[PDB]
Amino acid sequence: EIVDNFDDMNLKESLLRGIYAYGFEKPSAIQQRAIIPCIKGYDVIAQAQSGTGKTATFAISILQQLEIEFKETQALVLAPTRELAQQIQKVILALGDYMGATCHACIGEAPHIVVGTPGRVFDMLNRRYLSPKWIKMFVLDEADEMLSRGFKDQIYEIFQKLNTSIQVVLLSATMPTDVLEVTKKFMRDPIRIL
């Protein structure tokens, strides 16, 4: 399914409000393919380059699925660097600005979303500063870069701390062997968008 406009995606009013306020008009090719299966809760592998359109894809998907009145961390995003983590927080907070979504960057009240590098997130879990109990969505951004930087084993230990029932969304410009190994381990009949 390709849905070529945001109004036909069954998104919440308050979320669409953030989308139009940000300045988006028409969904990009990745947004037209990926938003729907992400919001339906499927595991998703998306081959996508760095960019706002990519970030807004998983931001929208997370935001649509949040229970805003439940003040617990419901989604966890891993990125290769503190700078990328901060960009993601910035995009998420702009898009969620009309729905009361909270988002903290873990880069060295519980927020709805935490985004950070694998090392910092792993530490936060070990120190009980982040509870895995209510995390329903686990997003791995630029997975190729995280794995090339040597984060595989810390990513695996994080995944081990999360509930069995999570949705996993993995985004990567390239799909090397190591990336494909993670999708096979972490995902169940994933949607593939390559």
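The first residue of the shown sequence is 1; numbering continues from there.
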Legend entry - Extent of unmodelled deposited sequence, residue 101 relative to residue 100: none
Legend entry - Entry-level comparison of average CA B-factors, 42 to 50 and 151 to 159, reporting the higher stretch: 42 to 50
Inset, instruction - Would you mind comparing 170 to 178 and 12 to 20 for me and telling me which has the higher average C-alpha temperature factor in the entry? - result: 170 to 178
Inset, instruction - Between 60, 66, 29, 135, let me know which has the highest C-alpha B-factor in the entry? - result: 29
Legend entry - CA B-factor placement of residue 109, once the chain's modelled residues are sorted into thirds: highest
Legend entry - Lowest, middle or highest third - CA B-factor, residue 165: highest
